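Have a look at data38.cif below; it lists mmCIF, C-alpha atoms.
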data_upload
#
loop_
_atom_site.group_PDB
_atom_site.id
_atom_site.type_symbol
_atom_site.label_atom_id
_atom_site.label_comp_id
_atom_site.auth_asym_id
_atom_site.auth_seq_id
_atom_site.Cartn_x
_atom_site.Cartn_y
_atom_site.Cartn_z
ATOM 1 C CA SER A 1 -23.053 -3.497 1.327
ATOM 2 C CA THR A 2 -19.942 -2.612 3.306
ATOM 3 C CA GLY A 3 -16.844 -4.302 4.676
ATOM 4 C CA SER A 4 -14.442 -3.459 7.510
ATOM 5 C CA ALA A 5 -11.171 -5.258 8.272
ATOM 6 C CA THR A 6 -8.309 -4.627 10.616
ATOM 7 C CA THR A 7 -4.857 -4.253 9.102
ATOM 8 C CA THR A 8 -1.800 -5.097 11.241
ATOM 9 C CA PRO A 9 1.896 -4.181 10.850
ATOM 10 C CA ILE A 10 4.074 -7.181 9.963
ATOM 11 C CA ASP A 11 6.937 -6.058 12.214
ATOM 12 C CA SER A 12 8.074 -3.392 14.691
ATOM 13 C CA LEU A 13 8.985 -0.949 11.900
ATOM 14 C CA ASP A 14 5.647 -0.970 10.052
ATOM 15 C CA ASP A 15 7.429 -2.334 6.968
ATOM 16 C CA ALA A 16 4.049 -3.438 5.603
ATOM 17 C CA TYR A 17 0.541 -4.221 6.809
ATOM 18 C CA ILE A 18 -1.440 -7.456 6.483
ATOM 19 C CA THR A 19 -5.191 -7.858 6.358
ATOM 20 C CA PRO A 20 -7.029 -11.193 6.649
ATOM 21 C CA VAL A 21 -8.922 -12.241 3.507
ATOM 22 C CA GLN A 22 -11.293 -15.201 3.138
ATOM 23 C CA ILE A 23 -10.900 -17.125 -0.133
ATOM 24 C CA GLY A 24 -12.977 -20.072 -1.284
ATOM 25 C CA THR A 25 -15.515 -22.437 0.219
ATOM 26 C CA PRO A 26 -14.989 -23.391 2.980
ATOM 27 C CA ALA A 27 -13.033 -20.223 3.642
ATOM 28 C CA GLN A 28 -9.259 -20.270 3.484
ATOM 29 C CA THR A 29 -7.977 -17.207 5.356
ATOM 30 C CA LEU A 30 -4.792 -15.659 3.998
ATOM 31 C CA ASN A 31 -3.075 -12.504 5.230
ATOM 32 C CA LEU A 32 -2.664 -10.192 2.262
ATOM 33 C CA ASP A 33 -0.810 -6.932 1.687
ATOM 34 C CA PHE A 34 -3.410 -4.424 0.438
ATOM 35 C CA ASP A 35 -1.627 -2.410 -2.246
ATOM 36 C CA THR A 36 -3.144 0.748 -3.734
ATOM 37 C CA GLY A 37 -0.167 0.835 -6.137
ATOM 38 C CA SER A 38 -0.977 -2.397 -8.018
ATOM 39 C CA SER A 39 -3.986 -4.229 -9.381
ATOM 40 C CA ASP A 40 -3.448 -7.991 -8.998
ATOM 41 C CA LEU A 41 -4.833 -10.179 -6.215
ATOM 42 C CA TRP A 42 -2.252 -12.954 -6.027
ATOM 43 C CA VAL A 43 -1.562 -15.627 -3.428
ATOM 44 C CA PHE A 44 0.907 -18.225 -2.352
ATOM 45 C CA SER A 45 -0.728 -21.496 -3.305
ATOM 46 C CA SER A 46 -0.529 -25.261 -3.603
ATOM 47 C CA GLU A 47 0.973 -24.528 -7.055
ATOM 48 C CA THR A 48 3.859 -22.419 -5.759
ATOM 49 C CA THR A 49 7.287 -24.006 -6.317
ATOM 50 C CA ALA A 50 7.960 -25.776 -3.015
ATOM 51 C CA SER A 51 11.443 -24.321 -2.476
ATOM 52 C CA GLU A 52 9.929 -20.815 -2.730
ATOM 53 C CA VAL A 53 7.457 -21.312 0.125
ATOM 54 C CA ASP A 54 8.794 -20.643 3.661
ATOM 55 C CA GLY A 55 6.109 -20.294 6.316
ATOM 56 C CA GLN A 56 3.339 -18.638 4.279
ATOM 57 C CA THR A 57 -0.242 -19.852 4.372
ATOM 58 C CA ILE A 58 -1.234 -21.170 0.958
ATOM 59 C CA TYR A 59 -4.465 -21.183 -1.029
ATOM 60 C CA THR A 60 -5.382 -24.661 -2.288
ATOM 61 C CA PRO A 61 -7.993 -24.291 -5.027
ATOM 62 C CA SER A 62 -8.704 -28.046 -5.171
ATOM 63 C CA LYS A 63 -10.115 -27.758 -1.624
ATOM 64 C CA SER A 64 -12.539 -24.963 -2.577
ATOM 65 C CA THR A 65 -15.897 -26.034 -3.975
ATOM 66 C CA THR A 66 -16.317 -22.606 -5.590
ATOM 67 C CA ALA A 67 -12.890 -22.414 -7.299
ATOM 68 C CA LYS A 68 -12.785 -22.615 -11.080
ATOM 69 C CA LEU A 69 -9.699 -22.498 -13.295
ATOM 70 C CA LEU A 70 -9.789 -19.443 -15.552
ATOM 71 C CA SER A 71 -8.680 -21.440 -18.534
ATOM 72 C CA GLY A 72 -5.669 -20.133 -20.438
ATOM 73 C CA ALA A 73 -5.107 -17.150 -18.158
ATOM 74 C CA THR A 74 -1.648 -16.335 -16.841
ATOM 75 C CA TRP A 75 -0.152 -13.427 -14.933
ATOM 76 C CA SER A 76 3.286 -11.983 -14.251
ATOM 77 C CA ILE A 77 4.159 -8.900 -12.240
ATOM 78 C CA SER A 78 7.235 -6.923 -11.300
ATOM 79 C CA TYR A 79 7.144 -4.379 -8.500
ATOM 80 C CA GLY A 80 9.074 -1.148 -7.990
ATOM 81 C CA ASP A 81 11.321 -2.801 -5.418
ATOM 82 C CA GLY A 82 12.522 -5.390 -7.938
ATOM 83 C CA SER A 83 10.404 -8.246 -6.589
ATOM 84 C CA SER A 84 8.173 -10.353 -8.831
ATOM 85 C CA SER A 85 5.760 -13.264 -9.097
ATOM 86 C CA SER A 86 3.784 -15.154 -11.742
ATOM 87 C CA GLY A 87 1.371 -18.017 -12.290
ATOM 88 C CA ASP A 88 -2.119 -18.981 -13.406
ATOM 89 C CA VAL A 89 -5.615 -17.890 -12.370
ATOM 90 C CA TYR A 90 -8.739 -19.178 -10.650
ATOM 91 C CA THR A 91 -12.015 -17.455 -9.976
ATOM 92 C CA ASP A 92 -13.397 -17.908 -6.475
ATOM 93 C CA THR A 93 -15.375 -16.211 -3.724
ATOM 94 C CA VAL A 94 -13.371 -13.603 -1.825
ATOM 95 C CA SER A 95 -14.481 -11.800 1.328
ATOM 96 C CA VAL A 96 -12.873 -8.893 3.159
ATOM 97 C CA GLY A 97 -14.260 -7.804 6.498
ATOM 98 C CA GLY A 98 -17.724 -9.143 5.710
ATOM 99 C CA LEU A 99 -17.883 -7.876 2.101
ATOM 100 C CA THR A 100 -18.127 -10.712 -0.415
ATOM 101 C CA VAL A 101 -17.288 -10.799 -4.124
ATOM 102 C CA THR A 102 -18.135 -13.874 -6.166
ATOM 103 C CA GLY A 103 -16.109 -14.669 -9.283
ATOM 104 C CA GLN A 104 -13.037 -12.716 -8.160
ATOM 105 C CA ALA A 105 -9.843 -13.477 -10.079
ATOM 106 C CA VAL A 106 -7.442 -15.106 -7.621
ATOM 107 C CA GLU A 107 -4.000 -15.272 -9.187
ATOM 108 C CA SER A 108 -2.193 -18.381 -7.994
ATOM 109 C CA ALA A 109 1.593 -18.066 -7.823
ATOM 110 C CA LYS A 110 3.700 -20.712 -9.473
ATOM 111 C CA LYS A 111 6.844 -18.648 -8.868
ATOM 112 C CA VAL A 112 7.725 -15.855 -6.456
ATOM 113 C CA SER A 113 10.985 -13.941 -6.046
ATOM 114 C CA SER A 114 13.228 -14.310 -3.009
ATOM 115 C CA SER A 115 11.887 -11.221 -1.225
ATOM 116 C CA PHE A 116 8.442 -12.839 -1.038
ATOM 117 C CA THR A 117 9.762 -16.236 0.069
ATOM 118 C CA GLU A 118 11.799 -14.587 2.810
ATOM 119 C CA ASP A 119 8.795 -12.765 4.252
ATOM 120 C CA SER A 120 6.804 -15.405 6.112
ATOM 121 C CA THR A 121 4.093 -12.936 7.189
ATOM 122 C CA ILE A 122 2.746 -11.984 3.733
ATOM 123 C CA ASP A 123 0.636 -14.622 1.950
ATOM 124 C CA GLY A 124 0.036 -12.469 -1.143
ATOM 125 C CA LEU A 125 -1.128 -9.074 -2.363
ATOM 126 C CA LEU A 126 -4.545 -7.544 -2.911
ATOM 127 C CA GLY A 127 -4.280 -4.769 -5.475
ATOM 128 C CA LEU A 128 -6.408 -1.648 -5.142
ATOM 129 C CA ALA A 129 -5.087 0.560 -7.978
ATOM 130 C CA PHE A 130 -7.089 0.803 -11.223
ATOM 131 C CA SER A 131 -7.914 -2.392 -13.100
ATOM 132 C CA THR A 132 -6.103 -1.112 -16.204
ATOM 133 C CA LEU A 133 -2.861 -2.199 -14.457
ATOM 134 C CA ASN A 134 -3.998 -5.787 -13.908
ATOM 135 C CA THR A 135 -1.505 -8.184 -15.513
ATOM 136 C CA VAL A 136 -3.750 -11.156 -16.372
ATOM 137 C CA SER A 137 -3.447 -12.237 -19.998
ATOM 138 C CA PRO A 138 -5.151 -12.635 -22.425
ATOM 139 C CA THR A 139 -8.218 -11.275 -20.584
ATOM 140 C CA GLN A 140 -7.438 -8.525 -18.061
ATOM 141 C CA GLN A 141 -9.210 -8.969 -14.726
ATOM 142 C CA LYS A 142 -10.853 -6.558 -12.283
ATOM 143 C CA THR A 143 -9.685 -5.733 -8.783
ATOM 144 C CA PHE A 144 -11.650 -6.693 -5.694
ATOM 145 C CA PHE A 145 -12.777 -3.072 -5.306
ATOM 146 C CA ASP A 146 -13.835 -2.768 -8.944
ATOM 147 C CA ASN A 147 -15.896 -5.971 -8.617
ATOM 148 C CA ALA A 148 -17.465 -4.856 -5.323
ATOM 149 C CA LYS A 149 -18.141 -1.261 -6.334
ATOM 150 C CA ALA A 150 -21.671 -1.467 -7.670
ATOM 151 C CA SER A 151 -22.848 -3.310 -4.550
ATOM 152 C CA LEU A 152 -21.249 -0.910 -2.080
ATOM 153 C CA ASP A 153 -23.321 1.688 -0.241
ATOM 154 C CA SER A 154 -20.866 4.294 -1.615
ATOM 155 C CA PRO A 155 -18.139 3.573 -4.209
ATOM 156 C CA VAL A 156 -15.228 4.210 -1.837
ATOM 157 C CA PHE A 157 -12.687 2.534 0.354
ATOM 158 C CA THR A 158 -10.631 4.082 3.141
ATOM 159 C CA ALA A 159 -7.176 3.404 4.539
ATOM 160 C CA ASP A 160 -6.507 4.182 8.193
ATOM 161 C CA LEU A 161 -3.027 2.807 8.839
ATOM 162 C CA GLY A 162 -1.582 2.819 12.332
ATOM 163 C CA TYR A 163 1.818 3.917 13.577
ATOM 164 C CA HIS A 164 3.240 0.871 15.346
ATOM 165 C CA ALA A 165 -0.377 -0.270 15.818
ATOM 166 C CA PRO A 166 -3.243 -1.885 13.910
ATOM 167 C CA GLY A 167 -5.522 0.141 11.676
ATOM 168 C CA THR A 168 -8.499 -0.353 9.377
ATOM 169 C CA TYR A 169 -9.539 -0.766 5.752
ATOM 170 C CA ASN A 170 -13.215 0.038 5.194
ATOM 171 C CA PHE A 171 -15.194 -0.550 2.000
ATOM 172 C CA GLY A 172 -18.375 1.279 1.077
ATOM 173 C CA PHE A 173 -18.576 3.886 3.836
ATOM 174 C CA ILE A 174 -16.684 6.683 5.516
ATOM 175 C CA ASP A 175 -16.350 6.272 9.304
ATOM 176 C CA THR A 176 -16.828 9.840 10.506
ATOM 177 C CA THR A 177 -15.506 8.875 13.972
ATOM 178 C CA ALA A 178 -12.112 7.843 12.579
ATOM 179 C CA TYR A 179 -10.683 11.300 11.845
ATOM 180 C CA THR A 180 -10.553 14.828 13.202
ATOM 181 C CA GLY A 181 -11.646 17.997 11.425
ATOM 182 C CA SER A 182 -12.737 17.725 7.804
ATOM 183 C CA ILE A 183 -11.654 15.613 4.830
ATOM 184 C CA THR A 184 -9.997 17.581 2.027
ATOM 185 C CA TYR A 185 -10.555 16.072 -1.404
ATOM 186 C CA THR A 186 -8.147 16.489 -4.299
ATOM 187 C CA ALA A 187 -8.191 15.517 -7.981
ATOM 188 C CA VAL A 188 -6.876 12.183 -9.259
ATOM 189 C CA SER A 189 -5.368 11.291 -12.621
ATOM 190 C CA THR A 190 -5.907 7.667 -13.624
ATOM 191 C CA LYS A 191 -3.759 7.991 -16.756
ATOM 192 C CA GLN A 192 -0.978 5.773 -15.362
ATOM 193 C CA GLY A 193 -3.397 3.444 -13.518
ATOM 194 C CA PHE A 194 -2.514 4.820 -10.072
ATOM 195 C CA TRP A 195 -4.195 6.992 -7.471
ATOM 196 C CA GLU A 196 -2.095 9.893 -8.747
ATOM 197 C CA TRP A 197 -2.585 13.354 -7.278
ATOM 198 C CA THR A 198 -0.718 16.637 -6.751
ATOM 199 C CA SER A 199 0.349 17.818 -3.312
ATOM 200 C CA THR A 200 0.440 21.582 -2.857
ATOM 201 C CA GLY A 201 3.765 21.716 -1.006
ATOM 202 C CA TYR A 202 5.677 20.899 2.158
ATOM 203 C CA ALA A 203 7.273 22.100 5.367
ATOM 204 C CA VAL A 204 10.118 20.708 7.444
ATOM 205 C CA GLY A 205 9.599 20.820 11.206
ATOM 206 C CA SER A 206 8.366 24.222 12.346
ATOM 207 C CA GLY A 207 9.662 25.809 9.135
ATOM 208 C CA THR A 208 7.687 27.843 6.657
ATOM 209 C CA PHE A 209 5.485 26.065 4.147
ATOM 210 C CA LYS A 210 6.846 25.903 0.594
ATOM 211 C CA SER A 211 4.099 26.100 -2.010
ATOM 212 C CA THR A 212 5.074 23.799 -4.855
ATOM 213 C CA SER A 213 3.235 21.158 -6.898
ATOM 214 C CA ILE A 214 4.383 17.594 -6.201
ATOM 215 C CA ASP A 215 2.746 14.937 -8.366
ATOM 216 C CA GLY A 216 2.770 11.493 -6.787
ATOM 217 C CA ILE A 217 0.832 8.336 -6.027
ATOM 218 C CA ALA A 218 -0.964 7.214 -2.880
ATOM 219 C CA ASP A 219 0.558 3.765 -2.398
ATOM 220 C CA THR A 220 -0.239 1.616 0.642
ATOM 221 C CA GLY A 221 2.087 -1.094 -0.678
ATOM 222 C CA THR A 222 5.213 1.096 -0.432
ATOM 223 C CA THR A 223 6.763 1.524 3.011
ATOM 224 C CA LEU A 224 8.468 4.914 2.676
ATOM 225 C CA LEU A 225 7.832 8.441 1.384
ATOM 226 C CA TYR A 226 9.712 9.074 -1.890
ATOM 227 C CA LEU A 227 9.931 12.719 -2.962
ATOM 228 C CA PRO A 228 12.061 14.917 -5.258
ATOM 229 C CA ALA A 229 15.724 15.218 -4.322
ATOM 230 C CA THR A 230 15.374 18.919 -3.552
ATOM 231 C CA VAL A 231 12.633 18.277 -0.963
ATOM 232 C CA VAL A 232 14.446 15.324 0.600
ATOM 233 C CA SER A 233 17.713 17.272 0.877
ATOM 234 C CA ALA A 234 15.873 20.122 2.612
ATOM 235 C CA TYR A 235 14.437 17.658 5.153
ATOM 236 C CA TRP A 236 17.665 15.837 6.018
ATOM 237 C CA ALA A 237 19.661 19.081 6.205
ATOM 238 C CA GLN A 238 17.744 19.687 9.450
ATOM 239 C CA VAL A 239 19.137 16.506 11.052
ATOM 240 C CA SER A 240 22.719 16.796 12.323
ATOM 241 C CA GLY A 241 24.913 14.092 10.852
ATOM 242 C CA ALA A 242 22.382 12.885 8.270
ATOM 243 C CA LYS A 243 23.766 11.996 4.865
ATOM 244 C CA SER A 244 22.963 10.104 1.706
ATOM 245 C CA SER A 245 24.855 6.833 1.628
ATOM 246 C CA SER A 246 25.273 5.151 -1.752
ATOM 247 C CA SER A 247 26.480 1.985 0.015
ATOM 248 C CA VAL A 248 23.360 1.741 2.172
ATOM 249 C CA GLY A 249 20.966 2.941 -0.530
ATOM 250 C CA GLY A 250 19.633 6.244 0.782
ATOM 251 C CA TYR A 251 19.644 8.755 3.582
ATOM 252 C CA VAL A 252 20.846 7.591 6.979
ATOM 253 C CA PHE A 253 21.041 9.496 10.232
ATOM 254 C CA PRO A 254 22.519 9.062 13.705
ATOM 255 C CA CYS A 255 20.247 6.939 15.839
ATOM 256 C CA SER A 256 20.807 9.551 18.600
ATOM 257 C CA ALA A 257 18.950 12.217 16.574
ATOM 258 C CA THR A 258 15.535 13.645 17.216
ATOM 259 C CA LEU A 259 13.807 13.877 13.823
ATOM 260 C CA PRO A 260 11.706 16.876 12.774
ATOM 261 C CA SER A 261 8.185 16.433 11.475
ATOM 262 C CA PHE A 262 7.351 16.698 7.776
ATOM 263 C CA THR A 263 4.188 18.413 6.544
ATOM 264 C CA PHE A 264 2.602 17.893 3.126
ATOM 265 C CA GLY A 265 -0.162 19.913 1.526
ATOM 266 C CA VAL A 266 -3.527 18.651 0.340
ATOM 267 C CA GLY A 267 -5.171 21.649 -1.254
ATOM 268 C CA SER A 268 -5.205 24.287 1.471
ATOM 269 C CA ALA A 269 -5.035 21.590 4.177
ATOM 270 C CA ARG A 270 -1.912 20.183 5.806
ATOM 271 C CA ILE A 271 -1.003 16.657 6.984
ATOM 272 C CA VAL A 272 1.759 16.468 9.577
ATOM 273 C CA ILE A 273 3.984 13.403 9.709
ATOM 274 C CA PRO A 274 5.583 13.248 13.191
ATOM 275 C CA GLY A 275 9.349 12.841 13.254
ATOM 276 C CA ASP A 276 9.127 9.419 14.900
ATOM 277 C CA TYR A 277 7.273 8.077 11.823
ATOM 278 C CA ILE A 278 10.407 8.823 9.759
ATOM 279 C CA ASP A 279 12.675 6.536 11.851
ATOM 280 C CA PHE A 280 13.241 3.094 10.307
ATOM 281 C CA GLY A 281 15.840 2.026 12.828
ATOM 282 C CA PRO A 282 19.374 0.666 12.610
ATOM 283 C CA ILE A 283 20.633 -0.170 9.121
ATOM 284 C CA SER A 284 21.851 -3.496 10.549
ATOM 285 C CA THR A 285 21.419 -4.995 14.001
ATOM 286 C CA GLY A 286 23.363 -3.017 16.598
ATOM 287 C CA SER A 287 24.319 -0.167 14.268
ATOM 288 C CA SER A 288 24.105 3.439 15.416
ATOM 289 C CA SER A 289 23.265 4.502 11.841
ATOM 290 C CA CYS A 290 19.526 4.583 11.250
ATOM 291 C CA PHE A 291 17.605 4.444 7.970
ATOM 292 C CA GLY A 292 15.417 7.386 7.006
ATOM 293 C CA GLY A 293 11.754 7.172 6.106
ATOM 294 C CA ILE A 294 11.882 10.005 3.564
ATOM 295 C CA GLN A 295 13.991 9.146 0.522
ATOM 296 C CA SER A 296 14.619 10.523 -2.952
ATOM 297 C CA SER A 297 12.400 9.454 -5.838
ATOM 298 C CA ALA A 298 15.104 10.362 -8.353
ATOM 299 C CA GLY A 299 15.419 7.421 -10.711
ATOM 300 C CA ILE A 300 12.098 5.849 -9.646
ATOM 301 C CA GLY A 301 10.394 8.103 -12.138
ATOM 302 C CA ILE A 302 7.491 8.924 -9.822
ATOM 303 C CA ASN A 303 6.954 10.350 -6.339
ATOM 304 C CA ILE A 304 5.357 7.920 -3.897
ATOM 305 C CA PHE A 305 3.249 8.792 -0.867
ATOM 306 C CA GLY A 306 3.799 5.458 0.839
ATOM 307 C CA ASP A 307 2.911 4.281 4.324
ATOM 308 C CA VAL A 308 5.081 6.881 6.101
ATOM 309 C CA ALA A 309 2.796 9.568 4.704
ATOM 310 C CA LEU A 310 -0.500 7.710 4.565
ATOM 311 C CA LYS A 311 -0.393 6.494 8.160
ATOM 312 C CA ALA A 312 -0.427 10.141 9.302
ATOM 313 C CA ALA A 313 -3.884 10.522 7.728
ATOM 314 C CA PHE A 314 -7.316 9.039 7.230
ATOM 315 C CA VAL A 315 -7.366 8.502 3.454
ATOM 316 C CA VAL A 316 -10.429 8.175 1.225
ATOM 317 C CA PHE A 317 -10.046 6.434 -2.131
ATOM 318 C CA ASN A 318 -13.156 7.666 -3.923
ATOM 319 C CA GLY A 319 -13.943 5.436 -6.897
ATOM 320 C CA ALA A 320 -16.848 7.457 -8.231
ATOM 321 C CA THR A 321 -17.079 8.019 -11.998
ATOM 322 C CA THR A 322 -14.506 10.776 -11.579
ATOM 323 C CA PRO A 323 -12.200 9.410 -8.877
ATOM 324 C CA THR A 324 -10.765 11.642 -6.143
ATOM 325 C CA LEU A 325 -8.638 11.241 -3.007
ATOM 326 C CA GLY A 326 -9.482 12.607 0.424
ATOM 327 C CA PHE A 327 -7.157 13.254 3.356
ATOM 328 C CA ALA A 328 -8.016 14.083 6.972
ATOM 329 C CA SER A 329 -5.889 14.408 10.085
ATOM 330 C CA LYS A 330 -6.628 11.890 12.850
#

Rewritten as structure tokens:
Amino acid sequence: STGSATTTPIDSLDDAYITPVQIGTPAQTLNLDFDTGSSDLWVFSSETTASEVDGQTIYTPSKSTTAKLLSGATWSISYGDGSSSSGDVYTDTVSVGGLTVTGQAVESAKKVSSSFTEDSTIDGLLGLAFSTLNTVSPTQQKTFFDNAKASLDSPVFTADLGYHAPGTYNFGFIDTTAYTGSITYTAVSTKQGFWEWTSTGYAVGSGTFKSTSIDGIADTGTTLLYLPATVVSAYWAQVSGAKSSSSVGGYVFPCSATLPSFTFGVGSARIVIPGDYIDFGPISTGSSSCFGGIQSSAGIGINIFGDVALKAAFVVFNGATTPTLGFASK
């Protein structure tokens, strides 16, 4: 089997992407944030505290003839951005782009933090990291991909995120029309539960490539590119007037600037992030200070190849017995 679904930016900045997901019978379609940095499929629901729901579409398990309470199971998650959610668990039928999993754990939120409430466009998350990170207790549950894997034509999914445009998540096949040149594959460590890999270096603009190993995670659920302070300083030093602002929470730059590109290495291959992808616009409405899309990972504890990086590439998440990651230009 295979599946193919379009993923759409939630706003004009590409802050996140939502993908329609069918849950239950008859189908209830919710727009979920596919997150290769976590491993829980959780949804706003009829059980979510009423004051914490503001415009989201909810899953109502009592209206699904295939929903079953997973008795005794609870979940609770905290994300890198300080947001969180928790609740109980149902199993139900879940379909993405024509690919159906029966008995998928659907984690129903009883509580969500303010960041989730305030974002009307995201009805929940669909985790695509390794199932060892799943938070369901006392019986850990499998991700949608892990459940689908054996049925797929090939044990892979791909992320093809757009810049200010829709893109695609495919399951079970590689669309050879969706990228240019060849795909370069690189080793993955699953030791921390992430799609963790090592970039071979970077360049700023038309500058020379610096060969240096940068360990990080491929994370579709993180907006920005978070890299070591040395690398980030070298980038922003090429933008007149750019500076790190403790009050704002990272590097800012004059909105009048033209940003240089940023290149990262994948083996001997190179992915170029155009300068425009690094612009996250005014820090507040009407400001002439703009927020940068490359930020320091210092104090996160890990480097993160988030959407800023991934949307410059066609990315293969290869879930074979020994997982790997592939990157192609597009």

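CA of residue 155 in chain A is found 14.9 Å from CA of residue 185 in chain A.
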
* To do: I need the residue set behind the PyMOL selection byres ((chain A and resi 26) around 10) for this file; please write it as an MDAnalysis selection string.
  => chainID A and resid 22:25 27:29 63:66 93

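For the choices A:80, A:282, A:201, A:9, the atom-to-atom distance to residue 301 in chain A is smallest for A:80 when using only C-alpha atoms.
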
* Distance of CA of residue 61 in chain A from CA of residue 109 in chain A, expressed in Å to one decimal place -> 11.8 Å

* Could you work out how far CA of residue 18 in chain A lies from CA of residue 2 in chain A, giving the answer in Å with one decimal? ->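 Between these atoms lies a distance of 19.4 Å.
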
* List the residues selected by the PyMOL selection byres ((chain A and resi 7) around 8) in the file shown, writing them as a ChimeraX atom specification. => /A:5-6,8-9,17-20,161,166-169

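Closest to residue 310 in chain A among A:297, A:222, A:115, A:108 is A:222, based on all atoms listed in the file.
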
* Step by step, work through what the PyMOL selection byres ((chain A and resi 251) around 8) selects in the shown file, and finish by giving those residues as a PyMOL selection string. => chain A and resi 236+242-245+249-250+252-253+291-292+294-295

Report as a tab-separated table: every residue of range 273-318 of chain A with an atom at most 12 Å from range 207-214 of chain A, its closest pair of atoms, and their distance in Å to one decimal, counting all atoms listed in the file, with rows sorted by chain and ascending residue number.
residue	atom	partner	partner_atom	distance
A:297	CA	A:214	CA	11.4
A:302	CA	A:214	CA	9.9
A:303	CA	A:214	CA	7.7
A:304	CA	A:214	CA	10.0
A:305	CA	A:214	CA	10.4

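Each of A:205, A:293, A:216, A:172 was compared to residue 157 in chain A using all atoms listed in the file, and A:172 turns out to be the nearest.
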
* Between A:128, A:43, A:165, A:218, which one has atoms that come closest to residue 12 in chain A, using all atoms listed in the file? ->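 So, comparing all the options, the nearest one is A:165.
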